[PDB]
Amino acid sequence: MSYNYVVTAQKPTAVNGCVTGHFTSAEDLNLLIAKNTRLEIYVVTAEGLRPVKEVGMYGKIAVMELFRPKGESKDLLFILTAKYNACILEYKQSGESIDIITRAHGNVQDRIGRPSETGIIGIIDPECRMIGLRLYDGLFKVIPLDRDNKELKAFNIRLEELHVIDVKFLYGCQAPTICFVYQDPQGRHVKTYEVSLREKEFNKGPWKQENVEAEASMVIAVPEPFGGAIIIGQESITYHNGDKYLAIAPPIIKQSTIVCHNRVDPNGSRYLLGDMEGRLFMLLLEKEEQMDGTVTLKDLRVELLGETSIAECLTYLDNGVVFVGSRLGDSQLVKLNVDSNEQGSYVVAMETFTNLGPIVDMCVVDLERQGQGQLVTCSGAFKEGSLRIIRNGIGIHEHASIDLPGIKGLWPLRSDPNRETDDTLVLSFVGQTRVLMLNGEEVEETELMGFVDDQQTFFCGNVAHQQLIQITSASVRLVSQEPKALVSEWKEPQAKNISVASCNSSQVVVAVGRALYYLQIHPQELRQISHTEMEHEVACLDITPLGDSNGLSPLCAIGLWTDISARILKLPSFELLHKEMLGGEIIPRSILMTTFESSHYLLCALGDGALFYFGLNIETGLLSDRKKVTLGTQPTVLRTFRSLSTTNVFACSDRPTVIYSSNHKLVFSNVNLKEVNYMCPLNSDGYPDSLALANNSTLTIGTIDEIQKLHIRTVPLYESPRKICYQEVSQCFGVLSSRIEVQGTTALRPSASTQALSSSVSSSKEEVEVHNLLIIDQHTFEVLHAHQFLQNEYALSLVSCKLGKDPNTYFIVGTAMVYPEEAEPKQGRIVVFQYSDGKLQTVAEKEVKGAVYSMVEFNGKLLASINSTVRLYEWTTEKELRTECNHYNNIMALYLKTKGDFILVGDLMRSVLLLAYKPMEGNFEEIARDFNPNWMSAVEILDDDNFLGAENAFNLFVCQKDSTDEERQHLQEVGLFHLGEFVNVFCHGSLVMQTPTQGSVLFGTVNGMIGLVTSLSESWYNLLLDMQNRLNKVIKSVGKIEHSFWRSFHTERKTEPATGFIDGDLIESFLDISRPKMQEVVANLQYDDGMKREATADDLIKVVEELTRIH
Ligand SMILES: Nc1ccc2cc[nH]c2c1
């Protein structure tokens, strides 16, 4: 009944957890990072973090722990998902193939069970005797770690203590032993139990329980030789080992709750601690010797190290390097110095990693050009709060521009053998060559002795033995560097024209029609080594040397006319090693051997925009794993360039593209330029690390931005952004923000709201939140003005709009007055502001008797939700708001969207409702509601008949009218899908320049994931659903979780299969399965090019390409 497609535009960026150990090999130090559904694996080096493997799970990662059973040569990985999928994983590398194998799996949910309010805890015994899970209050689940237990069968033990705060397994125990903090009416306590596998029960623990601090929140199990447990609370740190109790109450920790810990030293001598304000502490355990050779704890000390990003997790990586995993701001690598700096800090930031999360609001604006949307998010919280401006594609910064038509090729040269930098740019034209010298930023034409100017150049460059080479249609010319003189010239025996050229430092391959010649470059000599006749005319050549080759290629890659083949030939024999037939009647135009992330590839571009690529074995010449992308409709020209110490490929066409690697897969990202015909890298004194680019009329020189799909600009606020709206007439954004002050009240740090150019305050007719409306310039993102709201006033909703017959555009803010003893607010305001002359004027205020959760402009009127009431206001001639009509049938109307006369209302707990304004009655009619209870987080109108909802348990659903009168009032849930993210905001728009799909709704999430929802026809839905079912049979899932299980709608109240939703991530993955798998997937499908007939792999590759470009 409803057909929707949902796909990831930006994967989650928030770090939910991190572990270190020896997973990829016994000798590697790994860092593993969980970003919701994604597991990232790195090797730690002196250099830094090397990415080795990234996988997606069909689940939200809730537990992630490395452990090493007896008999295992490296660590295994335990994962538990939020849906209670358990697995044990092993990393296997076989040559260049990397696989995550599932050693054991099973689902560990109970039948009865309310999920613990305080979350899943999973722990592993240091001796690998068992895994312990705290999933539900009153129960401790044990998975025995027998090699026979491949289904991860478990048993429950009754836990008398219902409210466990934290739990760990202790070190140095003859029986597996837990230590936990729990809360009862008498306060908080620490207790132990032994876990008996033979009795399937707890036994008495090795040390008696103790009372601990009221806010004790974390247990640390200390390794030998200490043993025992550290308990961290808000104002104290204790150590327990039974006949041993030590407690400190250091004032330095009292200001902010400590929420993460990490062991620095293997023997437990030192720990890192992080708090909610980003402070980083060292906790030091002092040893005392004993006559019997045991070691006991003499004392505990805490030292402030410095400040990081607000940390969800901390992992020491050796050599003073710490990974700071953040969910509220950017993650970091930081260095800990033995010695402090001038401010007193031991912490120096080394690297920053983007985190968009939480995305609490966003909007789409065409900031720069028409039809080019950019997303502007409210991101992060507290000192990490920011705006982020997100846009597709890679930018070029143009530093020179020369009118110079008809360029047919570009080559950089070093004319001076004792200078590292290029100083020369050689240009081809039809039948001609020109040489440009670069003196600083000046670009002067010149002659270069030895080169000819009256033939078209096909290649020129630096070659061996301090020589230059020029290959024209007439000849190969070898030139000495000092002086510049012709030292050798090669021509074909009858002086026929050269038609194609390739060259490296010491080797040349030229074609003459069907003939190939192989030359070597020697001192003052072009030596003809070998020649052959090809079966067909030669279209293109490459001899780029790959690997540890000492600059010599044993391979020649060639593309031919007629059979449209890409072939790998041996040099010098020209023996055929491998032939691939690319199909069609359009010849190959560019062919390249290249390396990305240490793997070798063959790229071959056809004249119609198709790019084929293959893995290349540089020993045997074998091509494998053919893939195909479309990069335009014109011939593509491929050229290697380096930026930021990585070789990538620039693809010149009508759609210029950079080809690069991510996670050992090739990626293709648009370059934000009009058509580029030719390019070369250029690294000159005046133009360092640059690119020369030519079109039909112009030569450009510029630098390229970071090679990535999305560009992100960060605007730090140093306080929490809450809501955003764009006001085109003022060329600014309005942003609601909140800062923490301590109780009047004192600010903790300067921030956007305290650092505006000018400021205003409402006049009254982690201690406290102070709320502000910020006015932010759309170009500079400077804070132009800040308006501070009343004490205890929280700003909840924001719109920019015109109303009534008034020509002005206003910022309008809805608020709540927040008092401690109120279950909800009973007072709030709507405030209408005008931004003029650098300041906000208050135009009008309206007191209302509740919180103004949501506002929307509605046909020149203001629609607002106020507690349980939806209200429509008119803007009168006297510039005040006046109630037109009200709707009362809500619990708490949190979310509003409108389309025409229709309003979609999202409720705290009663799902969604559809209102209509009735223009000839001047009131609302309730059209229909969804009678299924759902705890809503966001809503959107997809179209007049389809309503999208997101809810608190990470599901999407779609409601429609059911097409009685009591019947007409029941919305039907026709689409259901477990997304696995928490949606804060939906907004119509696209990041793609303005099909299988209709409409575009972007969404932003707590983890910083951005997604897209679009609509499908029944026909497309049916085809893609069939594809999913076929993909799910062939793809091996990590942990052997079923895709259908993962995507099943799931709340405490119900579990149902997904319906009416295509998983775009799964569909897009079709492009990465093997060709036999593609055949498996395609068999006996129906596809419409025409009439419904059998689909081919190539059909579906094209389809999934159409789908990828919607984001
Ligand atoms: N004891 C033991 C050893 C290896 C594995 C692999 C999965 N579960 C295990 C338990």
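Along the sequence shown, residues carry numbers from 1.
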Between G357 and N355, the two heavy atoms sitting closest are N-OD1, 2.8 Å
Scan side-chain atoms only and decide if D137 and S116 contain a donor-acceptor pair under the 3.5 Å cut-off. yes
So salt bridge (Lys or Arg N to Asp or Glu O under 4.0 Å) across residues 947-959, not counting sequence neighbours, yields none
Nearest heavy-atom contact between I253 and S236 is CD1-N, 4.0 Å
Given the options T377, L1002, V985, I724, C363 meets side-chain contact (heavy atoms from CB on, under 4.5 Å) only with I724
Would you tell me whether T869 and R871 have side-chain atoms, one donor and one acceptor, within less than 3.5 Å of each other? no
One should read off an interatomic distance between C959 SG and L971 CG, to the nearest 0.5 angstrom, of 5.0 Å
| request: Answer with yes or no whether the side chains of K861 and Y917 bring together a donor and an acceptor at under 3.5 Å. | output: yes
Scanning both residues in full, the closest heavy-atom pair of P825 with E822 reads CA-OE1, 3.7 Å
Check your understanding: Going by atom types only, do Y718 and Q755 share a side-chain donor-acceptor pair under 3.5 Å?
Key -> no
Any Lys/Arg nitrogen of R882 or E874 sitting under 4.0 Å from an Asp/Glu carboxylate oxygen of the other? no
Closest non-hydrogen contact found for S760 with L840 is OG-O, 4.0 Å
- Query: Can we say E277 and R749 salt-bridge, meaning some charged N sits less than 4.0 Å from an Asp/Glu carboxylate O?
  - Reply: no
Q | Parallel, tilted or perpendicular: rings of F781 and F733 (30°, 60°) | A | parallel
Item to complete: Measure from NZ or CZ of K60 to the centre of the six-membered ring of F954 and say whether it is under 6.0 Å with the direction within 45° of the ring axis.
Response: yes
Heavy atoms of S379 and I359 approach each other most closely as OG-CG1, 4.1 Å
CD (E161) and OH (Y182) are apart, to the nearest 0.5 Å, by 5.0 Å
Note: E213 and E235 closest approach over all heavy atoms is OE1-N, 2.9 Å
>> Quiz question: by atom type and distance under 3.5 Å, do the side chains of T809 and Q727 form a donor-acceptor pair?
In response: no
- Check the side chains of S762 and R829 for a donor-acceptor pair under 3.5 angstrom, ignoring hydrogens and angles. yes
